[PDB]
Structures are given as structure tokens and as C-alpha cells.
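To keep things clear, I will list the structure first and then write my remarks on it.
Here the Cβ positions follow ideal geometry from the backbone for every residue, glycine too, while neighbour counts run over all protein chains shown. Values in this text are rule-based calculations from the coordinates and carry no lab data.
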Amino acid sequence: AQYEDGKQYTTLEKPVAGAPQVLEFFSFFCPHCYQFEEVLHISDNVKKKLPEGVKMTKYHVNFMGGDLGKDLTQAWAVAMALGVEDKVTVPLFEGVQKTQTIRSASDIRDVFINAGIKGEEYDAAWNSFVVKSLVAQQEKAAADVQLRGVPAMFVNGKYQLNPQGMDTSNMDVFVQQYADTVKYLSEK
């Protein structure tokens, strides 16, 4: 066939019921995630090709970067609660990996302050129980699907994208193959 289990995707031997339709995992410590977001814009191009009616969830993971990794997952919870993903994603990636100016929670906070979220808004969200449940969700979803590596994308709790089985000679072509696969998986 043209799309084959084990080729552009893999199937979970233990399917995850009630999972978000298109589910993406990342970490601001993850070098390929940096590529996926700032060079390739994967999440964005996947969207562009998803059918109507399908929502995409993106979650941060704990297993990279120790203490700051967990901080970063809570701040991503804050980002989601406040709806400011599109304003902090890039400065967080560049803070962790480019300039290396993120070394503590406080530095994570500075990014939000600079992106225009108010101190009192940030701190309240940071400490809110809404954010604690939203942290819990991020952790649960990672747990449900065995998650040991990022970037990772799961469709309908049953399929897992396998980008290593796609040509990388051309970056535009890789993205579109990626996006088309998610589309195919979605329709399955």
C-alpha cells in the first residue's frame, strides 16, 4: 500500500480510549522539537490539512531537563489556561536552547511578562488549581501512551507518527508528507 504500519506510522498495541483526536507531545529542551516548531511549523501545517471537526492538543513533557522540565510543563499549563501559546512558544524555545537564558522558573516567568501577560495574572494562573488539573492531564496523556521520546504525535489514541520513515532531503516535502499522513490516519 502507500501508507503502511511500521512505515510512516506505527499502531499502538494498547489503544487509548477517549484520547484527543490529534495529540502532540513536546519539550522545550528537545532539539528536534525546536526544529519541528520554528523551522518546520509542523503543528501548523498539520492543522491546515485536518478535516473540519478535528481538534489538536499539544502537551509538554517532564522527562527532559529535570526540575526545569517540570517547571516548563506547569508554565505550558499556564500558557494553555491563559490562551497565550502563540506568544510564548517561540521565546521559550529560544530561551532554553538558543540564548540559554532560561535557568529557573523566574526566567520562565520573565518570558511571559515580556510577552505581555501581567505578573499578577501569571502568578495566579501559575498557582491555580485549574493549572494543577491541566498539568495532571499533560502527565496522564503521556502516561497512557508509554511516552519516552519527543517529538511525538498520536492520532485517535491508536496511531503514532513515524517521521524517521520519511525523506528529509527536502524540508517542505517532509512536512507535507507528515501532514498528509496525519490526515490519512485521521480518516481511517
In region 171-188, residue surrounded by the most Cβ atoms within 10 Å (Cβ to Cβ) [restricted to those that are more than 17 Å from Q21 (Cβ to Cβ) and touching a residue at least 40 places away in the same chain (Cβ under 8 Å)]: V175
Members of region 1-33 that are surrounded by 21 or more Cβ atoms within 10 Å (Cβ to Cβ) and more than 14 Å from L185 (Cβ to Cβ): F25, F26, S27, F28, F29, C30, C33
Any hit, region 129-152, residues being basic (K, R) and within 21 Å of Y178 (Cβ to Cβ): yes
Single condition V131 does not satisfy, out of (1) surrounded by 18 or more Cβ atoms within 10 Å (Cβ to Cβ); (2) touching a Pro at 6+ places or on another chain (Cβ under 6 Å): (2)
Checking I117 against (1) surrounded by 16 or more Cβ atoms within 10 Å (Cβ to Cβ); (2) within 20 Å of the chain's Cα centre (by Cα), the condition it does not meet: (2)
Of the criteria (1) part of a strand (DSSP E or B); (2) surrounded by fewer than 20 Cβ atoms within 10 Å (Cβ to Cβ), which one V54 fails: (1)
Contacts under 6 angstrom Cβ, first residue in region 109-121 being within 16 Å of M80 (Cα to Cα), partner of a type in the set (D, E, K, R), 6 or more apart: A115/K87
